[PDB]
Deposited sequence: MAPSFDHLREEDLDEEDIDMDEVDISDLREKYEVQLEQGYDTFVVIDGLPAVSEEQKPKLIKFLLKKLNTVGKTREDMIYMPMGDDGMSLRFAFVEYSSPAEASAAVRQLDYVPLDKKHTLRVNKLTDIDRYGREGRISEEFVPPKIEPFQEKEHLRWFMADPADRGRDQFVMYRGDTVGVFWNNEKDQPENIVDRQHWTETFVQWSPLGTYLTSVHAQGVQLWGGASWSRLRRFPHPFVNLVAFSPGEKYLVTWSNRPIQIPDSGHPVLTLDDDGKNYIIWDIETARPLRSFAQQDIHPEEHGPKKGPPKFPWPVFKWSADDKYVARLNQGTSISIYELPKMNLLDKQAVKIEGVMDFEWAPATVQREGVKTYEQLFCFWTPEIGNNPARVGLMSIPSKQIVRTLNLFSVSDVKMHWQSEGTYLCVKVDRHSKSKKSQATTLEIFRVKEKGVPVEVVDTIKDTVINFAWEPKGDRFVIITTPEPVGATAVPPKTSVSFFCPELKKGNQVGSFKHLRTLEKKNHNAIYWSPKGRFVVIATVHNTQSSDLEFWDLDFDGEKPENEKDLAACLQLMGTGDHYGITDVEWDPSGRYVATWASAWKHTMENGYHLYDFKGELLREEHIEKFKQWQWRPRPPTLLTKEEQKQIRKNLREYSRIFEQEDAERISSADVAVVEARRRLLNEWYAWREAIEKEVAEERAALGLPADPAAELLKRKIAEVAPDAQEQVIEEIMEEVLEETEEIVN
């Protein structure tokens, strides 16, 4: 059938189900109190993760039997390395080790919040305490599970090499003023580089007589392969493309008056010689959403103007598409504005994992629930003003879901699930099942629907 599994957690019961489109989901399993607080899928779909006060547990196999156990007390957040080789557990409450003894941890782990585990052996590799002075993950992974890093804001970036979890060159990367950083989501083959490397971007604000900058570092050489100096900058956001082909930096800027001014989008061509940087566009309003097309070269933003009165009426939002120009040959033209939609309340972007199709949504709002299903490679005639661009934008269908909180695409990019979680509000928990086109296949009301989550499937 080529169906996909998914999990739903309602009340105190969680179950793995087959997908039957409009027909009722076939149930592989259902259990009561499988988890205490939440349920999370392993990124390659191998494990189902349950969380308890004592520990976090990994369920899997045809039997759906226990596979691994990680005795971290009172975990709130859990993350995996991209290749499922390692596990990261976090607790807001610092670990308290009993004098009686802990079956795995020791006094060295007391007062700490993070633990990094080796899944295969279930043994803890390192323990870390909370930083001096919400976001997740904090420990960020390289694409190949070889490096994991944490930001020491204003000072350095501590990079560790696995499986030993040893500090690289017995030193943290000194970067004065470093505000944030992101690894590339893939192992990038830059042109002409024969050596192994992993890439991450970072940024610093203005320091003394040096301007604010965005950097691109190669690990483990720790060489900076490209710097980009920026001016009049309020804040910087760094957005990697899925293959690591492109890196877009969003820059919040200001006037000499230091009033809010404009936002600039600039793009790195990471694979190309010299690492060229291009100035895409400068936009007046603030950006509240940004999303690259997975495995593609298209991205969407959602903007909203600045409020002066903090007025009762919600701000309307504008969604804009950007795509590269058509270019003769196996190359990609310069990034250009494609189209801006009419003002509306949208505030969420959900690209398909395949990346042709994107769902523009309106979630966590009481005034509107609208859903839009768009195609970027529609078999149609491009309008005159958008004719040179490498895209054919077309609305494939609309939909709605009252009190919607979340949406998730299926791995195959054929189905879109939306749901109202009990975690945010209890008024009308439900899940909708759509296809890519936006046709409502089925919906269902569950009294205490906590979460839907597709089971990830890596391409064979």
item	value
Unmodelled intervals of the deposited chain, in order	1 to 165, 299 to 311, 639 to 746
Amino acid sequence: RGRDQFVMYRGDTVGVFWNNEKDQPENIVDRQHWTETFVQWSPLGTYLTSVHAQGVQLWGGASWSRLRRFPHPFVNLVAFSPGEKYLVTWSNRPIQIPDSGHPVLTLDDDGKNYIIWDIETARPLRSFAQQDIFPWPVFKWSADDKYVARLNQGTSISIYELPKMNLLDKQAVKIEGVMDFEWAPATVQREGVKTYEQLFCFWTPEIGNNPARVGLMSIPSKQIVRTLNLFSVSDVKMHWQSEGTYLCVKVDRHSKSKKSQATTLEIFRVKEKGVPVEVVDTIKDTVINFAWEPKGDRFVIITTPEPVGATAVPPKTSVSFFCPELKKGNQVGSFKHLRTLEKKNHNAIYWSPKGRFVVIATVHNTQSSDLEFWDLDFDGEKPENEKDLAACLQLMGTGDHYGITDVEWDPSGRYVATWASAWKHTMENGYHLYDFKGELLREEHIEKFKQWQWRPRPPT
From here on, numbers count along this sequence of modelled residues.
query: Comparing 112 to 120 with 313 to 321, the one whose average Cα B-factor in the PDB entry is higher; finding: 313 to 321
query: Higher-scoring stretch by recorded Cα B factor average, 357 to 365 or 216 to 224; finding: 357 to 365
query: From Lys273, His102, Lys387, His239, residue of greatest CA B-factor; finding: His102
query: Member of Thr37, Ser412, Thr418, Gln394 with the greatest C-alpha B factor (per the PDB record); finding: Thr37
query: Record-listed C-alpha B factor of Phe378: chain third; finding: lowest
query: Assigned third (lowest, middle, highest) for the C-alpha B factor of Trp90; finding: middle
query: Chain-relative CA temperature factor third for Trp136; finding: middle
query: Third of chain Cα B-factors occupied by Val308; finding: highest
query: B-factor third for the C-alpha atom of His254 within its chain; finding: highest
